[PDB]
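Peer 1:
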Amino acid sequence: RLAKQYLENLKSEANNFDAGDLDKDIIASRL
Amino acid sequence: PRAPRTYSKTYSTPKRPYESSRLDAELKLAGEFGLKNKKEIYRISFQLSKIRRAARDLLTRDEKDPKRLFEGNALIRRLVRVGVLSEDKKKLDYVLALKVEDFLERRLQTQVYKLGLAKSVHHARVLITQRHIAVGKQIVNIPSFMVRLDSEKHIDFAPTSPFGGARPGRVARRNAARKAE
Amino acid sequence: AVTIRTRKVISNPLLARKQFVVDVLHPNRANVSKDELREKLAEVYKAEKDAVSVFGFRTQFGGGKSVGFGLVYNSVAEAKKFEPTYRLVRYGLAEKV
Amino acid sequence: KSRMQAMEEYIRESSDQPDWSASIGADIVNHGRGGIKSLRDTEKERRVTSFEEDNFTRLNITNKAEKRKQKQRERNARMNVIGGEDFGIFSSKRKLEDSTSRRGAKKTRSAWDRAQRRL
RNA sequence: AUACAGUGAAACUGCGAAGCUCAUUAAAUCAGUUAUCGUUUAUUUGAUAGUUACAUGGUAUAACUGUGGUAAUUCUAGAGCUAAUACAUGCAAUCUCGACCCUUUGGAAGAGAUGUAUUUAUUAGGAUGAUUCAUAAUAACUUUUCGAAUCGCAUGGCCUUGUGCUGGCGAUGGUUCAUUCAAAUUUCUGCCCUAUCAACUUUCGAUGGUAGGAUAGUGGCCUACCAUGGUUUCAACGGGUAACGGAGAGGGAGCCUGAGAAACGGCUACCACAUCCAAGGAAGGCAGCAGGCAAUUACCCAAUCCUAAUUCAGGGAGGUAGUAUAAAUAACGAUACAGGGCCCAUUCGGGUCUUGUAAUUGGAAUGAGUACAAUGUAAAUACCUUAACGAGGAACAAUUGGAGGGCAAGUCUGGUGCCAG
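Chains as they are written, first to last, in UniProt numbering: chain A, 65 to 78, 105 to 121; chain L, 2 to 182; chain H, 4 to 100; chain G, 239 to 357.
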């Protein structure tokens, strides 16, 4: 229980796409 | 300028350095483990005191507390990874039962003596300081290196060392050269 | 026997070259020189020596391995045109001012 | 800031997913003069390498920023790590309960919130 | 290259020049925010001007040549040249209403109309919530603005062979608007104690109105008249403070440039300092800086950035270098020779066994040093790595303090031989 509440607390602390992934794709295409 | 730094001492002078029981205690600990000075004994006593103080503080807390449970189990997991506590003493009271001799037994020079690689504790220290001992693949010349179990079995002689398969040292090749000449 | 491993081979057309990570295994020896590594890299990539750059090689602790980063330009003229002046001076392609 | 080291090892034993352990000898910092590299500091260095690989150039450390990133990071070691596992987080005092507590707005506040949770 | 044509000193133009040391201040600093329909704005970006000429002058001189004065300076006069993106001057079109309804795209008689900038007056009035806002027109005004007499590369399409007409890519310039870089005012909010700080303000404007002066501009910012107002026991005003928790460049005054300064620039007058001189004058801001109660130096624009007629040149911005912690001083065998080693006990003595060498001897390991290299890096130092050599007194010779001895044909002193100190 205490571990789960921490994970839920962590998830609270922490259209879909990633800016780095777009960069990585250009890097990969260049690769 | 920019922010200063926190550093601290790894040891503390004893409350009374001069009681005879203490003196011969360092005497036999040094002699059996082959240390350089009493500075290492004050070092090791310092962390053993810290560990036992933490364990006592965790004992004072009631059973099943988040504090006591989390931090006590973390004391003991790490104390078993270091090999000091065996798997069957997975309890904090047995942390309170600990002594300096176990830590000293975990010091690498003990293992180098102990496995049969060296015939005297001082010979083990010489071999370590002389680039002949490798924990796995990596060369260590610090006798105060403490060994883990997985690291305990991986203590061998160096690939570069003359005894581990490299060429003979300077003395041997020099003697051979003068013998040939 | 030296072994030269090239990874993350990213073709950079805009500077007109190929950039990559060079891992050098040199057991029982000190390390591999940059002229030495450039010779091997240009031999591998079928390119002129002047078009190859190598730098930033750090030997991993314990010895026997080093990691640096390298470039192979599409032409020697492009290498002279894009490379730093100091790196050109290192390889002799430019004279120190 | 919220992360408390002692908690995440419980995730490790309870994750049931492997941990990617490194070599025995590859972990020691410098011939043993610096003890075994702690788990956290191995997590910091790989950020440098994973950072270093993409940038294509190494990162030098400024003479100033140098003077607060090695000693105490290798003296916390000499104070706190004895064998690549840290003995320091305990002499420190922290309110881990806030990190465990479901302090978020989504918290049991009335009898109906907890009853909905039990559903 | 018969104008020159590459490079190019000097000079004229263009652009930019915007760390230290003292004091100290309670939401007047600063932070957040709002507005500028109240405003200036280099530069960037995008738009934007049909209203002698096959090219005018010195109304022009530097650099340059030559003649001299002076103790002398980034001190000087005379004479003689020559240029501009410097200085002054300056030059057979288009669009409408459109009969004829001729042909029914269409031609077309005639009637007409036709910069920009400042100021004033007047008329009309797509945008925002809101305007006298944008914009347009009329009548005048202006020390009436601007509307390419500029430069590099290439030599295409035509023909009416004349070097005839017509032209491609750029640079540098120019009006206005917007944009951007900023700036200046500006709304509301923002943890000290305070009454043993109760009135403060009009104290050469204090609150507001009207008109003017200044101002990129609003505005008592200033000026002329007018009314006595404005904050405050809801803490005005005043005081203290761990409010480092804003000023000048020898000191005050005035002025000059620029988009941006009342400039760490320059000029003038004073007030002092102080240098040199042929004592006739000239010049300085060091009245600095850095130190002690003593080596701040050497190498660079590469790395991140910054300014320019700019890729290239530069930046004491910036970077590089210089000057309490873990190890070692040794590890391992063999032989010979000896009988003693030690513990405890005021006391007497008792307890216990492989011990001593101030002996000889053998083969191994390696670190400091001596250092060939590569790497490293703007270069270089350094780091990492790495050939050869490197130990028996391993003299490749760490220290500090304490406790006891003992020795002479030796010295001194006291006593009851040969003692005692």
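Every residue, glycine too, gets a C-beta built ideally from N, C-alpha and C.
By DSSP, does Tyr19(L) sit in helix, in strand, or in coil?
Peer 2: Note: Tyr19(L) maps to coil in three-state DSSP.
Peer 1: Straight-line CA distance for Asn293(G) to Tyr48(H)?
Peer 2: So the two alpha carbons sit approximately 23 Å from each other.
Peer 1: Quick one: grab the DSSP three-state call for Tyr8(L).
Peer 2: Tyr8(L): coil per DSSP, three-state reduction.
Peer 1: Roughly how far, in whole angstroms, is the beta-carbon of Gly71(H) from the beta-carbon of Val25(H), given that I think they are within contact range, below 8 Å?
Peer 2: That pair is a contact at about 5 Å.
Peer 1: Grab the span of the alpha helix (DSSP H) containing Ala244(G) for me, first residue to last.
Peer 2: It spans 243-253 - the alpha helix (DSSP H) in which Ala244(G) sits, taken as one unbroken run.
Peer 1: What three-state label does DSSP hand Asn318(G) in the structure shown?
Peer 2: Reduced to three states, the DSSP call for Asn318(G) is helix.
Peer 1: Within its chain, find whatever has a CB closer than 7 Å to the CB of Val113(L); leave out the 5 residues flanking it on each side and keep chain order.
Peer 2: Closer than 7 Å at the Cβ level, and outside the excluded window around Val113(L), lie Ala119, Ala125, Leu128, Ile129, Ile134, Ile156.
Peer 1: Does the region 90-98 of chain L come within contact of the region 136-147 of chain L, defined as at least 3 CB pairs closer than 8 Å?
Peer 2: Verdict: no, contact absent.
Peer 1: Assign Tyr70(A) to one of two classes, buried (16 or more other C-beta atoms within 10 Å of its C-beta) or exposed (fewer than that).
Peer 2: The residue is buried, with at least 16 neighbouring Cβ atoms inside 10 Å.
Peer 1: Measuring straight from C-alpha to C-alpha, what distance separates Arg171(L) and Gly272(G)?
Peer 2: Approximately 29 Å, taken between the alpha carbons.
Peer 1: With three or more C-beta pairs closer than 8 Å as the rule, is the region 316-332 of chain G touching the region 74-87 of chain L?
Peer 2: A contact exists between the region 74-87 of chain L and the region 316-332 of chain G.
Peer 1: So, is the C-beta of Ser288(G) closer than 8 Å to a C-beta in chain A?
Peer 2: Not closer than 8 Å to any Cβ of chain A, the Cβ of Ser288(G) fails to qualify, so no.
Peer 1: Quick check: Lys51(L) and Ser329(G), are their CB atoms within less than 8 Å of each other?
Peer 2: Yes.
Peer 1: Could you tell me whether the Cβ atoms of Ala97(H) and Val75(H) are closer together than 8 Å?
Peer 2: Cβ atoms of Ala97(H) and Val75(H): not closer than 8 Å.
Peer 1: What are the boundary residues of the beta strand (DSSP E) that includes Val57(H)?
Peer 2: 55-62 is the span of the beta strand (DSSP E), which, as asked, contains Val57(H).
Peer 1: Classify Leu74(H) as helix, strand or coil using the three-state DSSP reduction.
Peer 2: Here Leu74(H) sits in strand by DSSP.
Peer 1: Should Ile249(G) be flagged as near chain A, meaning a C-beta pair shorter than 8 Å?
Peer 2: So yes, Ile249(G) belongs to the interface.
Peer 1: Determine whether the Cβ of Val24(H) lies closer than 8 Å to any Cβ atom of chain G.
Peer 2: Output row for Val24(H): interface = yes.
Peer 1: Just checking: is the beta-carbon of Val92(H) within a distance shorter than 8 Å of some beta-carbon in chain A?
Peer 2: No, because no Cβ of chain A sits closer than 8 Å to the Cβ of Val92(H).
Peer 1: Going by DSSP, which residues form a beta bridge with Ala82(H)?
Peer 2: Answer is none; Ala82(H) lacks a bridge partner.
Peer 1: What residues from chain G crowd round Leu121(A), counting only those whose CB sits closer than 8 Å?
Peer 2: Those within 8 Å of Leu121(A) in chain G number zero; the least Cβ separation is about 12 Å.
Peer 1: Looking at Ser14(H) and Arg65(A), is the spacing between their C-beta atoms short of 8 Å?
Peer 2: It is not a contact, given that the beta carbons lie outside the stated cut-off.
Peer 1: If I measure Cβ to Cβ from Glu153(L) and keep anything under 8 Å in the same chain, skipping five residues before and after, which residues do I get?
Peer 2: Once the five neighbours on either side are set aside, the close Cβ partners of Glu153(L) are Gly84, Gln112.
Peer 1: State the Cα-Cα distance for the pair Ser276(G) and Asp265(G), rounded to the nearest angstrom.
Peer 2: Cα to Cα, the separation comes out at about 8 Å.
Peer 1: Using a Cβ cut-off of 8 Å (strictly closer), state whether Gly342(G) contacts chain A.
Peer 2: It does; some Cβ of chain A falls within 8 Å.
Peer 1: Mind listing, in chain order, the continuous alpha helix (DSSP H) runs of no fewer than 4 residues lying wholly within the region 267-331 of chain G?
Peer 2: With a minimum length of 4 residues, the continuous alpha helix (DSSP H) runs that stay inside the region 267-331 of chain G are 277-293, 301-304, 309-318.
Peer 1: Within a Cβ cutoff of 8 Å, which residues of the same chain sit near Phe58(H), ignoring the five residues on either side of it in sequence?
Peer 2: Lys37, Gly71, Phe72, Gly73, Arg90, listed in sequence order.
Peer 1: Under 7 Å between beta-carbons, which chain G residues line up against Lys11(H)? List them in chain order, please.
Peer 2: Those within 7 Å of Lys11(H) in chain G are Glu291.
Peer 1: Quick one: complete beta strand (DSSP E) runs, 3+ long, within the region 68-152 of chain L?
Peer 2: Qualifying beta strand (DSSP E) stretches, in chain order: 134-136.
Peer 1: Tell me where the alpha helix (DSSP H) around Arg175(L) begins and ends.
Peer 2: Its alpha helix (DSSP H) spans residues 171-181.
Peer 1: Thinking just about the alpha-carbon of each residue, which of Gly117(L), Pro160(L), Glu106(L) is nearest to the one in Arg132(L)?
Peer 2: If we check each option's Cα against that of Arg132(L), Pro160(L) comes out closest.
Peer 1: Tell me whether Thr9(H) sits in a helix, a strand or coil according to DSSP, three-state version.
Peer 2: Strand, per DSSP.
Peer 1: What do you reckon, are the CB atoms on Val101(L) and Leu30(L) nearer than 8 Å?
Peer 2: Yes, Cβ-Cβ distance for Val101(L) and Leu30(L) is below 8 Å.
Peer 1: Say whether chain A places a C-beta atom closer than 8 Å to the C-beta of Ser337(G).
Peer 2: Yes, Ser337(G) lies at the interface with chain A (some Cβ there is under 8 Å from its Cβ).
Peer 1: Who are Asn38(L)'s beta bridge partners in DSSP?
Peer 2: Answer by DSSP bridge pairing: none, since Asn38(L) is not bridged.
Peer 1: For the beta strand (DSSP E) that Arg120(A) lies in, which residues bound it at each end?
Peer 2: Per DSSP, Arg120(A) belongs to no beta strand (DSSP E); it is in the alpha helix (DSSP H), 109-120.
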